[PDB]
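Engineer: need a 3D model of the following:
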Amino acid sequence: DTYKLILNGXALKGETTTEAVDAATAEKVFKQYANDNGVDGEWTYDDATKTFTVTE
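Structural biologist: Residues are numbered from 1 along each chain as shown. Find the structure here:
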C-alpha cells in the first residue's frame, strides 16, 4: 500500500510517499529519508490514513 510522510524541519516542509509491504517497512524507509534531509525529531503515525509525521 501507499504510505505518506509529512516532514516539518521548520522553514522547510514537505511530503513524500513510499510503496511498502507494511507500516514497519515504510517507517524504516521514512526514518532514513528524514535523516538524509536534515529533519530529526518527533514522530507520529496515523494508522487510519497510513500517514507518518516527523517534526524537528
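Engineer: where along the protein do the helices fall?
Structural biologist: With helices called from DSSP state H, the chain shows them at 23-36.
Engineer: now the spatially most distant residue from the centre of it: how far from residue 49?
Structural biologist: For the chain, the largest distance from the centre (CA atoms, centre = their mean) belongs to residue 11, which lies 17.0 Å off. Applying CB to CB, to the nearest Å, one obtains 25 Å for the distance of residue 11 from residue 49. C-beta coordinates here come from the backbone N, C-alpha and C atoms, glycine included.
Engineer: now swap in residue 37 and tell me
Structural biologist: The span separating residue 37 from residue 49 equals 22 Å under the rule CB to CB.
Engineer: how about residue 32?
Structural biologist: Residue 32 sits 22 Å away from residue 49, going by CB to CB.
Engineer: which of the residues in stretch 23-30 are buried?
Structural biologist: 26, 27, 29, 30 (16 or more other CB atoms under 10 Å).
Engineer: surely the second one and residue 53 touch.
Structural biologist: No: the criterion here is CB atoms under 8 Å, and residue 27 misses it with residue 53 at 11.9 Å.
Engineer: shared neighbours of the two, which are they?
Structural biologist: residue 45 (CB atoms under 8 Å, 6 or more residues apart in numbering).
Engineer: okay, now residue 45: neighbour count?
Structural biologist: The tally of other residues near residue 45 (other CB atoms under 10 Å) stands at 15.
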